[PDB]
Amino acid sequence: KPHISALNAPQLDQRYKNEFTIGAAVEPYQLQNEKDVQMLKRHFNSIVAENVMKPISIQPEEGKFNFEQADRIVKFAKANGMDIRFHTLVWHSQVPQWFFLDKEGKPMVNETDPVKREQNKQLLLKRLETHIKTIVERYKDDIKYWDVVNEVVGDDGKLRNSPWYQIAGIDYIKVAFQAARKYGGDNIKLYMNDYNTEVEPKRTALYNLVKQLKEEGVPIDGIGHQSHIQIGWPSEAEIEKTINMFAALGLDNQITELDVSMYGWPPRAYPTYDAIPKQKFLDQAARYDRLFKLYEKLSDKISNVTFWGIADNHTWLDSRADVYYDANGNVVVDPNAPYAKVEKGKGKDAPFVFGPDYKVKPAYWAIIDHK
């Protein structure tokens, strides 16, 4: 199957249009790029902001809201008939730090007086409610799908002990969902998004958490499975088990940040795209073939599959693509092999079905067909 321009190729969203939407994560500058715009128009019918809707992008100082960049993505989506996902109302990553300072400008996490800790909790929950209120009041008629909370369960199966949790306890999760519903109404759909949703003990902890919130009347409509995965892990069998169990609780499932890395964890990357062997792309294609056959099998439980990017010339996985060198200066990609130095984040991953020259990869043909 030829390495043809993806602008010449059968439309990916149309292949899946009765099964689920097909989305991409974007940065506003990509909307000024001819090739990226043509890619979005041709292949995608859902969009998400890679970064300009995160809390520090939207309210970096209290009372200073920057919707300019987010508005550019919303405008493009509407003009092209695309669904929008909001990434994300609450996350421990890069919080604007003002959220967690007390009235005296000290870190709330250090407060030891119980009465004052309770005061800090209420202050923080109020700041949280105002952040969500302002964003949802602006976009409730434009954005259908919301990552209300992100990564709130730890890899150890305990709630993540971020300042959110330290200062306010489980109530910051409840307040985030209740505020989203209060200001956006019944028609926006509210998700808890996380990575490694297939992996125990995280999986069961996530399951028990959303079960509990629902039994208490907290409005949660779905789970977002980031799906930052590898060629071999996690198995399709375990992805299937995961999606089924959340569906059994009455939740929608979205695949929200899909990328299929060429590497293991921690990655030992090639320094450049050209150095990645051809066989890796065939292995990746087989993986995508199996993955999307599975997503189709479960399409009554999945409303959306979003890739965390458009084509391989731009992927956040490059930030993880550490290049290992031996004593002689040769690149080392075997995880158990000797090495002398590492260049963190300087290598190249290749996670999508579209290559860096916007031509289709073997993985594209593997998911555009009906086999």
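One rule holds for the numbers: they count along the sequence shown, beginning at 1.
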Mean C-alpha B factor from the entry: is it higher for 204-212 or for 88-96? 204-212
Using the B-factors recorded in the PDB entry, average over the C-alpha atoms of 107-115 and of 134-142, then report which stretch comes out higher. 107-115
Whose C-alpha has the highest temperature factor in the PDB entry: 253, 80, 120, 284? 120
Sorting 125, 190, 260, 74 by Cα temperature factor from the record, which one lands on top? 125
What third of the chain, by the recorded C-alpha B-factor, contains residue 44? lowest
B-factor third for the C-alpha atom of residue 324 within its chain: middle
Against its chain's modelled residues, does residue 229's Cα B factor rank lowest, middle or highest third? lowest
Lowest, middle or highest third - CA B-factor, residue 338: highest
For residue 300, the third of its chain by CA B-factor is the highest
